[PDB]
Amino acid sequence: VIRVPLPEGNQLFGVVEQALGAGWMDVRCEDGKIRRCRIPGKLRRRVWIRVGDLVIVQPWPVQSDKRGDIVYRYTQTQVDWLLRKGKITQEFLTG
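Residues numbered from 1 in each chain as written, not as in the entry; some residues may be left out. Heavy atoms only, no water.

- Per the deposited record, determination of this structure is attributed to X-ray crystallography, with the resolution reported as 1.350 Å.

Listed below in structure tokens is the structure:
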């Protein structure tokens, strides 16, 4: 039984666009905005996140359109599941 976490609340799917260094990445989000996102230390010490990865972004409560935290990074098999379920589109992944 495959199970895949989903964005909740005001969280958004995003594709990592650029590594900015020191736990920061620009992420192209499913609402069509690029957000500058922090990777929390807890996540940094668990996973390797790279350009092109699909992630869940939590927008910050202030400047919500410009900033967020990355809270999850999907594996490739999870990405394929999300595609099949229509949660994201191939056009979105490629950009």
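**Describing the packing of aromatic side chains**
- One pass over the structure, following the stated rule, counts three aromatic pairs.
- Arranged with centres 5.9 Å apart and planes meeting at 35°, the rings of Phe13 and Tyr74 form a pair that is tilted. With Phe13 in strand β1 (residues 12–21) and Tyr74 in the loop between β5 (67–73) and α2 (76–85), the pair connects residues that are 61 residues apart, well separated along the chain. The two residues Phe13 and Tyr74 agree in class, both being buried.
- For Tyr74, a relative accessible area of 3% puts it in the buried group.
- Feature note: the residues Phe13, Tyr72 and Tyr74 constitute an aromatic cluster, connected by ring pairs. (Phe/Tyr/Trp six-rings, centres within 6.5 Å; stacked < 30°, edge-to-face > 60°. Helix = DSSP H or I, 4+ residues; strand = E, 2+ residues; numbered from the N terminus. Buried < 20%, exposed > 50% of the residue type's maximum accessible area, 1.4 Å probe, protein only.)

**What to know about the layout of surface pockets**
- Here the largest pocket is characterised by a volume of approximately 200 Å³.
- Every residue lining the largest pocket is counted, 13 residues in all, and those nearest its centre are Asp53, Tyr74, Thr75, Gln76 and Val79.
- Looking at the lining of the largest pocket, the elements that each hand over two or more residues are α2 and α3 (90–94).
- Sorting elements by how many residues they give to the lining of the largest pocket places α2 first, with three residues.
- Residues belonging to the lining of the largest pocket are distributed by class as follows: six nonpolar, four polar and three charged. (1 Å grid on protein atoms, 1.4 Å probe; cavity = no way out; pocket = protein on both sides within 12 Å on 5 of 7 lines; lining within 4 Å. Points joined across faces, edges and corners; volume = space filled by probe spheres on them. Nonpolar A, V, L, I, M, F, W, Y, C, P; charged D, E, K, R; others polar.)

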